[PDB]
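Right, one structure below, let's go through it.
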Amino acid sequence: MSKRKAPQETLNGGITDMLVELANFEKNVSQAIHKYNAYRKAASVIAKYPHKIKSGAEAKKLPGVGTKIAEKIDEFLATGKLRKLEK
């Protein structure tokens with residue numbers, strides 16, 4: 001908790017963070033469910049990934065992420081279409 005100085009609104013991706021979080025549920029998600037392992041396998045191909053996408057095409061390329069987990073990958077990456085101040 002509190003290592004040096006984390007951003008206030010995260011950077012952009014945040015894929016392996018919200019994916020590993022669902023597996024860390026330790027309450028609503030048991031420790032051996034099918035949907036439970038859906039975020040663990042997808043989190044292995046996402047966290048290794050650059051874990052930062054503007055759309056949901058990168059998750060489709062990952063064979064691990066796509067079986068009902070790709071929807072969550074867009075939940076965090078859905079508000080990543082903000083403008084960057086033109087001119």
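Ordering of the structure tokens sets the chain letters (A, B, ...); residue numbers start at 1 within each chain; ligands are numbered from 1 in the order shown.
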
Subject >> Exercise: residue 70 in chain A partners within 10 Å, only C-alpha atoms, chain neighbours under 2 positions left out, as an NGL selection string >> reply: :A and (38-39 or 42 or 56-60 or 62 or 64-68 or 72-75)

Original post:
Where in chain A does DSSP assign alpha helix (DSSP H), given as a count of residues only?
Top reply: 35

**OP:** Please identify all polymer residues within 12 Å of residue 16 in chain A, counting only C-alpha atoms, omitting same-chain residues fewer than 5 positions from it, and present them as a PyMOL selection string.
**Re:** chain A and resi 21-24+39-53+59+65+69+72-73+76-77

Let's have the selection written as a CSV table (one decimal), in the first residue's frame, with C-alpha atoms.
```
chain,number,residue,atom,x,y,z
A,21,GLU,CA,-9.2,-7.7,-9.1
A,22,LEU,CA,-12.2,-9.9,-10.1
A,23,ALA,CA,-10.1,-13.0,-9.2
A,24,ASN,CA,-9.1,-11.3,-5.9
A,39,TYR,CA,-10.2,-13.6,-15.5
A,40,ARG,CA,-7.1,-15.5,-14.3
A,41,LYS,CA,-6.3,-17.0,-17.8
A,42,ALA,CA,-7.2,-13.7,-19.5
A,43,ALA,CA,-5.1,-11.8,-16.9
A,44,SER,CA,-2.1,-14.0,-17.9
A,45,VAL,CA,-2.3,-12.9,-21.5
A,46,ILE,CA,-3.3,-9.3,-20.7
A,47,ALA,CA,-0.8,-8.4,-17.9
A,48,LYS,CA,2.0,-9.8,-20.1
A,49,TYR,CA,0.4,-7.7,-22.9
A,50,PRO,CA,1.2,-3.9,-22.8
A,51,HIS,CA,-2.2,-3.8,-20.9
A,52,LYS,CA,-3.4,-0.6,-22.6
A,53,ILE,CA,-5.8,-0.4,-25.5
A,59,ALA,CA,-8.4,-8.5,-26.4
A,65,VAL,CA,-9.4,-13.0,-23.2
A,69,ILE,CA,-14.1,-11.6,-20.2
A,72,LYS,CA,-14.9,-6.4,-18.8
A,73,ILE,CA,-11.8,-5.4,-20.9
A,76,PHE,CA,-12.3,-0.1,-18.1
A,77,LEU,CA,-11.2,0.7,-21.7
```

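For the pair CA of residue 31 in chain A and CA of residue 12 in chain A, the separation is 29.0 Å.
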
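A straight line drawn from CA of residue 84 in chain A to CA of residue 6 in chain A is 21.5 Å long.
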
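Nearest residue to residue 37 in chain A, choosing from A:20, A:71, A:8, A:2 and counting only C-alpha atoms: A:20.
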